[PDB]
file final-v1.txt (compact mmCIF, C-alpha atoms and all ligand atoms)
# COMPACT_ATOMS: atom_id res chain seq x y z
CA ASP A 1 -2.54 28.84 -8.29
CA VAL A 2 -3.65 26.45 -5.53
CA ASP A 3 -5.66 27.67 -2.55
CA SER A 4 -3.89 26.85 0.72
CA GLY A 5 -7.01 27.20 2.87
CA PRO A 6 -7.90 29.90 5.39
CA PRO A 7 -5.05 31.82 7.03
CA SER A 8 -4.32 31.35 10.71
CA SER A 9 -6.53 33.65 12.78
CA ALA A 10 -4.27 33.46 15.85
CA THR A 11 -2.43 36.76 16.25
CA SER A 12 -0.12 35.29 18.92
CA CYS A 13 2.66 32.75 18.48
CA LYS A 14 3.86 30.29 21.13
CA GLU A 15 7.08 30.76 23.08
CA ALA A 16 9.63 27.98 22.59
CA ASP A 17 12.51 27.04 24.90
CA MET A 18 15.59 27.17 22.67
CA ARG A 19 18.49 24.92 23.69
CA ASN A 20 21.70 24.60 21.69
CA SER A 21 23.25 21.28 20.70
CA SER A 22 25.58 21.36 23.74
CA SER A 23 22.88 22.12 26.33
CA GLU A 24 23.40 18.72 28.12
CA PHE A 25 19.85 17.84 26.99
CA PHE A 26 20.45 16.76 23.36
CA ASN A 27 24.04 15.45 23.36
CA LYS A 28 23.00 11.84 24.08
CA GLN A 29 24.79 10.14 21.18
CA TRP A 30 23.50 6.88 19.75
CA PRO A 31 25.75 6.60 16.65
CA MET A 32 23.93 4.22 14.24
CA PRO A 33 26.40 4.46 11.33
CA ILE A 34 25.77 3.46 7.74
CA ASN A 35 26.44 -0.26 7.25
CA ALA A 36 26.68 -1.30 3.60
CA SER A 37 26.52 -4.99 4.56
CA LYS A 38 22.89 -4.42 5.60
CA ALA A 39 22.30 -2.26 2.47
CA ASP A 40 21.49 0.70 4.69
CA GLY A 41 20.13 3.73 2.85
CA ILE A 42 20.08 2.15 -0.61
CA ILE A 43 17.72 3.68 -3.17
CA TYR A 44 16.32 1.07 -5.55
CA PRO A 45 16.47 1.54 -9.34
CA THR A 46 13.40 3.42 -10.51
CA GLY A 47 12.00 1.38 -13.39
CA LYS A 48 13.85 -1.94 -13.34
CA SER A 49 14.17 -5.02 -11.15
CA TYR A 50 16.95 -7.59 -10.88
CA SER A 51 17.02 -11.13 -9.52
CA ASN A 52 19.94 -13.25 -8.27
CA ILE A 53 22.76 -11.08 -9.66
CA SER A 54 25.39 -8.74 -8.26
CA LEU A 55 25.75 -5.43 -10.09
CA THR A 56 28.05 -2.43 -9.92
CA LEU A 57 25.75 0.60 -10.14
CA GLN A 58 26.69 4.28 -10.28
CA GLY A 59 24.26 6.50 -8.39
CA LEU A 60 23.67 8.44 -5.17
CA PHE A 61 24.55 6.41 -2.06
CA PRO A 62 25.73 7.26 1.46
CA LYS A 63 29.30 6.59 2.47
CA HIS A 64 30.06 3.48 4.50
CA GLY A 65 30.63 4.23 8.16
CA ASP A 66 28.92 7.63 7.95
CA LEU A 67 27.72 8.64 11.40
CA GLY A 68 25.36 11.25 9.97
CA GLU A 69 23.53 13.90 11.96
CA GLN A 70 21.24 12.94 14.84
CA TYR A 71 18.08 14.97 15.49
CA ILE A 72 15.87 14.44 18.55
CA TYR A 73 12.29 15.68 18.86
CA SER A 74 11.27 16.38 22.45
CA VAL A 75 8.10 17.08 24.43
CA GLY A 76 7.21 20.61 25.48
CA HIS A 77 6.95 21.96 29.00
CA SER A 78 3.89 21.02 31.02
CA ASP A 79 2.72 21.35 34.67
CA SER A 80 3.59 18.67 37.18
CA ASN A 81 0.21 18.94 38.78
CA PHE B 1 23.51 -6.46 -19.65
CA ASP B 2 20.28 -4.38 -19.37
CA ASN B 3 18.14 -6.76 -21.44
CA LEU B 4 14.55 -7.75 -20.71
CA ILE B 5 14.33 -11.06 -18.84
CA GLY B 6 10.98 -11.19 -17.06
CA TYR B 7 7.62 -9.47 -17.21
CA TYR B 8 4.72 -9.27 -14.74
CA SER B 9 1.64 -9.26 -16.95
CA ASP B 10 -1.79 -7.87 -16.13
CA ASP B 11 -3.34 -11.35 -15.97
CA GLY B 12 -1.23 -12.17 -12.90
CA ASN B 13 1.32 -14.53 -14.49
CA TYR B 14 5.06 -13.92 -14.53
CA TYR B 15 6.72 -14.66 -17.86
CA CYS B 16 10.29 -15.22 -19.05
CA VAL B 17 11.43 -13.20 -22.07
CA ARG B 18 14.04 -14.89 -24.25
CA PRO B 19 15.43 -13.67 -27.59
CA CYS B 20 14.05 -15.25 -30.74
CA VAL B 21 16.30 -18.10 -31.84
CA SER B 22 16.96 -19.98 -35.07
CA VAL B 23 17.88 -23.65 -35.39
CA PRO B 24 21.53 -24.39 -36.26
CA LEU B 25 22.38 -25.78 -39.68
CA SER B 26 25.06 -28.18 -40.86
CA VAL B 27 25.38 -29.63 -44.36
CA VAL B 28 27.29 -32.85 -45.02
CA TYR B 29 28.33 -32.94 -48.67
CA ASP B 30 29.95 -35.56 -50.91
CA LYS B 31 31.52 -34.28 -54.13
CA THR B 32 32.07 -37.63 -55.87
CA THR B 33 28.52 -38.99 -55.65
CA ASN B 34 26.94 -35.48 -55.65
CA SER B 35 24.76 -36.18 -52.62
CA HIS B 36 24.06 -34.06 -49.55
CA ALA B 37 22.20 -34.22 -46.26
CA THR B 38 21.30 -31.64 -43.63
CA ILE B 39 21.98 -31.71 -39.89
CA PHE B 40 19.82 -29.81 -37.40
CA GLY B 41 22.34 -29.63 -34.59
CA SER B 42 21.30 -30.35 -30.98
CA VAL B 43 17.55 -30.26 -31.75
CA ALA B 44 15.06 -33.13 -31.99
CA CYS B 45 12.88 -33.92 -35.00
CA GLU B 46 9.66 -33.01 -33.17
CA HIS B 47 10.84 -29.40 -33.32
CA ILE B 48 11.59 -29.84 -37.02
CA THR B 49 8.13 -31.07 -38.01
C1 LIG C 101 -6.52 21.47 5.40
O1 LIG C 101 -5.57 21.82 4.39
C2 LIG C 101 -6.01 21.50 3.06
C3 LIG C 101 -4.86 21.81 2.14
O2 LIG C 101 -3.97 22.75 2.73
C4 LIG C 101 -7.28 22.29 2.74
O3 LIG C 101 -7.75 21.88 1.46
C5 LIG C 101 -7.97 23.02 0.61
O4 LIG C 101 -9.19 23.69 0.94
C6 LIG C 101 -9.46 24.85 0.14
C7 LIG C 101 -10.72 25.48 0.68
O5 LIG C 101 -10.49 26.11 1.93
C8 LIG C 101 -9.57 24.45 -1.33
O6 LIG C 101 -9.76 25.62 -2.12
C9 LIG C 101 -8.31 23.72 -1.77
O7 LIG C 101 -8.47 23.24 -3.10
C10 LIG C 101 -8.01 22.55 -0.84
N1 LIG C 101 -6.77 21.90 -1.22
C11 LIG C 101 -6.54 20.59 -1.07
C12 LIG C 101 -5.20 20.10 -1.51
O8 LIG C 101 -7.39 19.84 -0.59
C13 LIG C 101 -8.35 22.03 3.79
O9 LIG C 101 -9.46 22.89 3.57
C14 LIG C 101 -7.81 22.27 5.19
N2 LIG C 101 -8.80 21.92 6.19
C15 LIG C 101 -9.00 22.62 7.31
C16 LIG C 101 -10.07 22.11 8.23
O10 LIG C 101 -8.35 23.63 7.57
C1 LIG C 102 20.69 -18.05 -7.63
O1 LIG C 102 22.05 -17.99 -8.08
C2 LIG C 102 22.92 -18.97 -7.51
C3 LIG C 102 24.30 -18.67 -8.02
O2 LIG C 102 24.26 -18.04 -9.30
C4 LIG C 102 22.42 -20.37 -7.88
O3 LIG C 102 23.25 -21.34 -7.23
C5 LIG C 102 23.74 -22.29 -8.20
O4 LIG C 102 22.82 -23.37 -8.39
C6 LIG C 102 23.25 -24.35 -9.35
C7 LIG C 102 22.13 -25.35 -9.48
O5 LIG C 102 21.80 -25.93 -8.22
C8 LIG C 102 24.56 -24.98 -8.88
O6 LIG C 102 25.03 -25.89 -9.87
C9 LIG C 102 25.61 -23.90 -8.64
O7 LIG C 102 26.79 -24.48 -8.09
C10 LIG C 102 25.08 -22.84 -7.69
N1 LIG C 102 26.05 -21.77 -7.52
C11 LIG C 102 26.30 -21.19 -6.34
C12 LIG C 102 27.33 -20.11 -6.34
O8 LIG C 102 25.71 -21.52 -5.31
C13 LIG C 102 20.98 -20.54 -7.42
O9 LIG C 102 20.47 -21.79 -7.87
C14 LIG C 102 20.10 -19.42 -7.97
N2 LIG C 102 18.74 -19.53 -7.45
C15 LIG C 102 17.65 -19.44 -8.22
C16 LIG C 102 16.34 -19.58 -7.51
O10 LIG C 102 17.72 -19.24 -9.43
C1 LIG C 103 27.13 -4.74 9.22
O1 LIG C 103 26.23 -5.85 9.06
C2 LIG C 103 26.87 -7.14 9.09
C3 LIG C 103 25.80 -8.16 8.79
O2 LIG C 103 24.55 -7.79 9.35
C4 LIG C 103 27.53 -7.33 10.45
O3 LIG C 103 28.20 -8.59 10.48
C5 LIG C 103 28.52 -6.21 10.72
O4 LIG C 103 29.05 -6.34 12.03
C6 LIG C 103 27.84 -4.85 10.58
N1 LIG C 103 28.81 -3.78 10.74
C7 LIG C 103 29.10 -3.22 11.92
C8 LIG C 103 30.13 -2.13 11.90
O5 LIG C 103 28.56 -3.59 12.95

call {"tool": "encode", "arguments": {"input": "final-v1.txt", "output": "structure tokens", "more": "lines below"}}
Ligand SMILES: *[C@@H]1O[C@H](CO)[C@@H](O[C@@H]2O[C@H](CO)[C@@H](O)[C@H](O)[C@H]2NC(C)=O)[C@H](O)[C@H]1NC(C)=O
Ligand SMILES: *[C@@H]1O[C@H](CO)[C@@H](O[C@@H]2O[C@H](CO)[C@@H](O)[C@H](O)[C@H]2NC(C)=O)[C@H](O)[C@H]1NC(C)=O
Ligand SMILES: *[C@@H]1O[C@H](CO)[C@@H](O)[C@H](O)[C@H]1NC(C)=O
result
Amino acid sequence: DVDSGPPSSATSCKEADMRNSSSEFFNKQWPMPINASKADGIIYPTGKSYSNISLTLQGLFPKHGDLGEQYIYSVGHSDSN
Amino acid sequence: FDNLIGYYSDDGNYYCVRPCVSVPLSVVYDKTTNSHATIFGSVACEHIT
């Protein structure tokens, strides 16, 4: 197999402050929906290129107007002084 | 129609790929005098020679 390097020598993990999605700290909602008119979230064809044409392609695309799921990464606790 | 149109070569020049074409043919024929001539339609003589 492939060597992943040395294992972690720390025998102690770090305590995390768990807050649910309705903890009035992560419910700030900026929607940002999928807009097809901007070609949002469009995966290009893998081995071809096209110029100055409009094509109907079957593939894997997001739905128009999809709000999606919003994830926020925060900063941990630290001392004021 | 999923046909090759252009190609980016290794020398740095873009090229246009077109299918190989043949010149059209028309034959004008006269039965009474038994004489005929050929017509290369819509193409100049410099492409014929
Ligand atoms: C950082 O991680 C990489 C990959 O997880 C480590 O690279 C491996 O190092 C071991 C030796 O300890 C080799 O046997 C592997 O072949 C390496 N893999 C790759 C993909 O490079 C690297 O050693 C780590 N560095 C530190 C400082 O921990
Ligand atoms: C990209 O495509 C458009 C439309 O297929 C081209 O616009 C045409 O240009 C010709 C020549 O000037 C006009 O006769 C047509 O009326 C135009 N059609 C439209 C709908 O505008 C355009 O020239 C193409 N661009 C390139 C760089 O090839
Ligand atoms: C999608 O993009 C177009 C062009 O950028 C814009 O006119 C339209 O308002 C956008 N859609 C929404 C819902 O804002």

call {"tool": "closest_atom_pairs", "arguments": {"input": "final-v1.txt", "of": "chain A", "to": "ligand LIG 103 (chain C)", "cutoff": "6 Å", "atoms": "only C-alpha atoms and all ligand atoms", "output": "CSV"}}
result
residue,atom,partner,partner_atom,distance
A:35,CA,C:LIG103,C1,4.9
A:37,CA,C:LIG103,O1,4.6
A:38,CA,C:LIG103,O1,5.0

call {"tool": "write_last_selection", "arguments": {"input": "final-v1.txt", "atoms": "C-alpha atoms", "output": "tab-separated table (two decimals), in the frame of the given file"}}
result
chain	number	residue	atom	x	y	z
A	35	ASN	CA	26.44	-0.26	7.25
A	37	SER	CA	26.52	-4.99	4.56
A	38	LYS	CA	22.89	-4.42	5.60

call {"tool": "closest_residue", "arguments": {"input": "final-v1.txt", "among": "A:15, A:51, A:69, A:74", "to": "residue 5 of chain B", "atoms": "only C-alpha atoms"}}
result
A:51

call {"tool": "axis_aligned_box", "arguments": {"input": "final-v1.txt", "around": "segment 12-21 of chain B", "padding_each_side": "3 Å", "output": "AutoDock Vina command-line options"}}
result
--center_x 7.5 --center_y -15.1 --center_z -22.4 --size_x 23.5 --size_y 11.9 --size_z 24.9

call {"tool": "residues_near_point", "arguments": {"input": "final-v1.txt", "point": "(8.9, -12.9, -14.4)", "cutoff": "10 Å", "atoms": "all atoms listed in the file", "output": "compact mmCIF listing (two decimals) with C-alpha atoms, in the frame of the given file"}}
result
# COMPACT_ATOMS: atom_id res chain seq x y z
CA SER A 51 17.02 -11.13 -9.52
CA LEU B 4 14.55 -7.75 -20.71
CA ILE B 5 14.33 -11.06 -18.84
CA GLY B 6 10.98 -11.19 -17.06
CA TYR B 7 7.62 -9.47 -17.21
CA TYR B 8 4.72 -9.27 -14.74
CA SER B 9 1.64 -9.26 -16.95
CA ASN B 13 1.32 -14.53 -14.49
CA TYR B 14 5.06 -13.92 -14.53
CA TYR B 15 6.72 -14.66 -17.86
CA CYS B 16 10.29 -15.22 -19.05
CA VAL B 17 11.43 -13.20 -22.07

call {"tool": "atom_distance", "arguments": {"input": "final-v1.txt", "atom1": "atom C2 of ligand LIG 101 (chain C)", "atom2": "atom CA of residue 14 of chain A"}}
result
22.4 Å

call {"tool": "interface_residues", "arguments": {"input": "final-v1.txt", "of": "chain A", "to": "chain B", "cutoff": "10 Å", "atoms": "all atoms listed in the file", "output": "number ranges by chain"}}
result
A: 48-51, 55

call {"tool": "residues_near_ligand", "arguments": {"input": "final-v1.txt", "ligand": "ligand LIG 102 (chain C)", "cutoff": "10 Å", "atoms": "all atoms listed in the file", "output": "number ranges by chain"}}
result
A: 51-54

call {"tool": "residues_near_ligand", "arguments": {"input": "final-v1.txt", "ligand": "ligand LIG 101 (chain C)", "cutoff": "7 Å", "atoms": "all atoms listed in the file", "output": "ChimeraX atom specification"}}
result
/A:2-6

call {"tool": "closest_residue", "arguments": {"input": "final-v1.txt", "among": "A:21, A:32, A:16, A:64", "to": "residue 76 of chain A", "atoms": "all atoms listed in the file"}}
result
A:16

call {"tool": "atom_distance", "arguments": {"input": "final-v1.txt", "atom1": "atom CA of residue 17 of chain A", "atom2": "atom CA of residue 67 of chain A"}}
result
27.4 Å

call {"tool": "atom_distance", "arguments": {"input": "final-v1.txt", "atom1": "atom CA of residue 66 of chain A", "atom2": "atom CA of residue 40 of chain A"}}
result
10.7 Å

call {"tool": "residues_near_point", "arguments": {"input": "final-v1.txt", "point": "(25.1, -25.5, -39.9)", "cutoff": "8 Å", "atoms": "only C-alpha atoms", "output": "count of residues only"}}
result
7

call {"tool": "decode", "arguments": {"input": "final-v1.txt", "residues": "segment 4-45 of chain B", "atoms": "N, CA and C atoms", "output": "mmCIF file, in the first residue's frame"}}
result
data_model
loop_
_atom_site.group_PDB
_atom_site.id
_atom_site.type_symbol
_atom_site.label_atom_id
_atom_site.label_comp_id
_atom_site.auth_asym_id
_atom_site.auth_seq_id
_atom_site.Cartn_x
_atom_site.Cartn_y
_atom_site.Cartn_z
ATOM 1 N N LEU B 4 -15.192 16.652 -36.086
ATOM 2 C CA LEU B 4 -14.011 17.464 -35.827
ATOM 3 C C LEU B 4 -14.030 18.717 -36.693
ATOM 4 N N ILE B 5 -13.790 19.866 -36.066
ATOM 5 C CA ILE B 5 -13.814 21.162 -36.730
ATOM 6 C C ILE B 5 -12.469 21.866 -36.617
ATOM 7 N N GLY B 6 -11.912 21.925 -35.408
ATOM 8 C CA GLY B 6 -10.647 22.583 -35.190
ATOM 9 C C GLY B 6 -9.693 21.706 -34.408
ATOM 10 N N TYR B 7 -8.419 22.086 -34.454
ATOM 11 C CA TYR B 7 -7.375 21.334 -33.773
ATOM 12 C C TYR B 7 -6.254 22.275 -33.362
ATOM 13 N N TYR B 8 -5.846 22.189 -32.098
ATOM 14 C CA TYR B 8 -4.742 22.980 -31.558
ATOM 15 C C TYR B 8 -3.485 22.121 -31.619
ATOM 16 N N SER B 9 -2.629 22.389 -32.600
ATOM 17 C CA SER B 9 -1.466 21.549 -32.822
ATOM 18 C C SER B 9 -0.353 21.882 -31.832
ATOM 19 N N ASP B 10 0.680 21.036 -31.835
ATOM 20 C CA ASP B 10 1.801 21.215 -30.920
ATOM 21 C C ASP B 10 2.723 22.353 -31.336
ATOM 22 N N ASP B 11 2.667 22.785 -32.596
ATOM 23 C CA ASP B 11 3.492 23.903 -33.037
ATOM 24 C C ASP B 11 2.953 25.253 -32.585
ATOM 25 N N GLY B 12 1.730 25.303 -32.068
ATOM 26 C CA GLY B 12 1.136 26.537 -31.610
ATOM 27 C C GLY B 12 0.163 27.190 -32.565
ATOM 28 N N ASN B 13 -0.199 26.526 -33.658
ATOM 29 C CA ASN B 13 -1.132 27.071 -34.635
ATOM 30 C C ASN B 13 -2.453 26.320 -34.566
ATOM 31 N N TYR B 14 -3.548 27.068 -34.498
ATOM 32 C CA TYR B 14 -4.877 26.492 -34.630
ATOM 33 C C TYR B 14 -5.173 26.214 -36.097
ATOM 34 N N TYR B 15 -5.832 25.089 -36.358
ATOM 35 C CA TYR B 15 -6.166 24.681 -37.711
ATOM 36 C C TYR B 15 -7.657 24.401 -37.808
ATOM 37 N N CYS B 16 -8.177 24.477 -39.028
ATOM 38 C CA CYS B 16 -9.569 24.159 -39.317
ATOM 39 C C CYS B 16 -9.619 22.853 -40.091
ATOM 40 N N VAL B 17 -10.398 21.899 -39.598
ATOM 41 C CA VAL B 17 -10.515 20.588 -40.222
ATOM 42 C C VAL B 17 -11.807 20.554 -41.024
ATOM 43 N N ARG B 18 -11.682 20.352 -42.332
ATOM 44 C CA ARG B 18 -12.816 20.229 -43.226
ATOM 45 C C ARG B 18 -12.774 18.881 -43.932
ATOM 46 N N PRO B 19 -13.929 18.289 -44.232
ATOM 47 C CA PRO B 19 -13.935 17.001 -44.932
ATOM 48 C C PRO B 19 -13.382 17.125 -46.341
ATOM 49 N N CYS B 20 -12.760 16.043 -46.806
ATOM 50 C CA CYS B 20 -12.178 16.028 -48.140
ATOM 51 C C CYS B 20 -13.281 16.077 -49.189
ATOM 52 N N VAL B 21 -13.116 16.957 -50.170
ATOM 53 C CA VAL B 21 -14.170 17.271 -51.123
ATOM 54 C C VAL B 21 -13.703 16.921 -52.527
ATOM 55 N N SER B 22 -14.672 16.663 -53.399
ATOM 56 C CA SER B 22 -14.426 16.390 -54.805
ATOM 57 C C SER B 22 -15.151 17.428 -55.648
ATOM 58 N N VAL B 23 -14.550 17.776 -56.779
ATOM 59 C CA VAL B 23 -15.133 18.802 -57.652
ATOM 60 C C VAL B 23 -16.405 18.263 -58.292
ATOM 61 N N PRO B 24 -17.439 19.082 -58.462
ATOM 62 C CA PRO B 24 -18.639 18.623 -59.163
ATOM 63 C C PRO B 24 -18.370 18.420 -60.646
ATOM 64 N N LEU B 25 -19.184 17.563 -61.250
ATOM 65 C CA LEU B 25 -19.080 17.255 -62.667
ATOM 66 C C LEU B 25 -20.420 17.455 -63.353
ATOM 67 N N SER B 26 -20.376 18.045 -64.542
ATOM 68 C CA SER B 26 -21.519 18.101 -65.438
ATOM 69 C C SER B 26 -21.021 17.851 -66.850
ATOM 70 N N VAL B 27 -21.779 17.072 -67.615
ATOM 71 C CA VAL B 27 -21.430 16.737 -68.990
ATOM 72 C C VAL B 27 -22.539 17.241 -69.894
ATOM 73 N N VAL B 28 -22.193 18.128 -70.820
ATOM 74 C CA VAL B 28 -23.107 18.556 -71.869
ATOM 75 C C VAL B 28 -22.844 17.698 -73.100
ATOM 76 N N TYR B 29 -23.901 17.093 -73.631
ATOM 77 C CA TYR B 29 -23.782 16.085 -74.672
ATOM 78 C C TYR B 29 -24.727 16.409 -75.817
ATOM 79 N N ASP B 30 -24.251 16.204 -77.042
ATOM 80 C CA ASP B 30 -25.050 16.385 -78.247
ATOM 81 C C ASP B 30 -25.063 15.072 -79.014
ATOM 82 N N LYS B 31 -26.257 14.517 -79.221
ATOM 83 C CA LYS B 31 -26.365 13.204 -79.848
ATOM 84 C C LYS B 31 -26.151 13.270 -81.355
ATOM 85 N N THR B 32 -26.603 14.351 -81.998
ATOM 86 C CA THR B 32 -26.582 14.417 -83.456
ATOM 87 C C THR B 32 -25.162 14.550 -83.993
ATOM 88 N N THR B 33 -24.376 15.459 -83.422
ATOM 89 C CA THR B 33 -23.004 15.661 -83.864
ATOM 90 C C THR B 33 -22.015 14.731 -83.177
ATOM 91 N N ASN B 34 -22.448 14.026 -82.131
ATOM 92 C CA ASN B 34 -21.608 13.171 -81.291
ATOM 93 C C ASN B 34 -20.401 13.961 -80.770
ATOM 94 N N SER B 35 -20.710 14.972 -79.964
ATOM 95 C CA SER B 35 -19.699 15.827 -79.365
ATOM 96 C C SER B 35 -20.114 16.142 -77.939
ATOM 97 N N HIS B 36 -19.131 16.224 -77.047
ATOM 98 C CA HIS B 36 -19.396 16.423 -75.634
ATOM 99 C C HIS B 36 -18.360 17.363 -75.040
ATOM 100 N N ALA B 37 -18.751 18.019 -73.952
ATOM 101 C CA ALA B 37 -17.857 18.863 -73.177
ATOM 102 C C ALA B 37 -18.168 18.669 -71.702
ATOM 103 N N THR B 38 -17.189 18.972 -70.858
ATOM 104 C CA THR B 38 -17.343 18.822 -69.421
ATOM 105 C C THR B 38 -17.471 20.189 -68.760
ATOM 106 N N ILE B 39 -18.175 20.214 -67.631
ATOM 107 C CA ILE B 39 -18.381 21.426 -66.847
ATOM 108 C C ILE B 39 -17.958 21.135 -65.418
ATOM 109 N N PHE B 40 -16.986 21.891 -64.923
ATOM 110 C CA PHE B 40 -16.567 21.825 -63.527
ATOM 111 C C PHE B 40 -17.317 22.931 -62.795
ATOM 112 N N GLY B 41 -18.416 22.561 -62.144
ATOM 113 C CA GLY B 41 -19.354 23.552 -61.641
ATOM 114 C C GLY B 41 -18.798 24.327 -60.460
ATOM 115 N N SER B 42 -18.921 25.657 -60.528
ATOM 116 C CA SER B 42 -18.627 26.584 -59.430
ATOM 117 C C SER B 42 -17.177 26.505 -58.961
ATOM 118 N N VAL B 43 -16.256 26.188 -59.865
ATOM 119 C CA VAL B 43 -14.836 26.113 -59.540
ATOM 120 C C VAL B 43 -14.033 26.663 -60.715
ATOM 121 N N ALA B 44 -13.011 27.461 -60.407
ATOM 122 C CA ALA B 44 -12.194 28.111 -61.421
ATOM 123 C C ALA B 44 -11.211 27.124 -62.050
ATOM 124 N N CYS B 45 -10.638 27.531 -63.189
ATOM 125 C CA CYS B 45 -9.699 26.673 -63.905
ATOM 126 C C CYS B 45 -8.363 26.524 -63.188
#
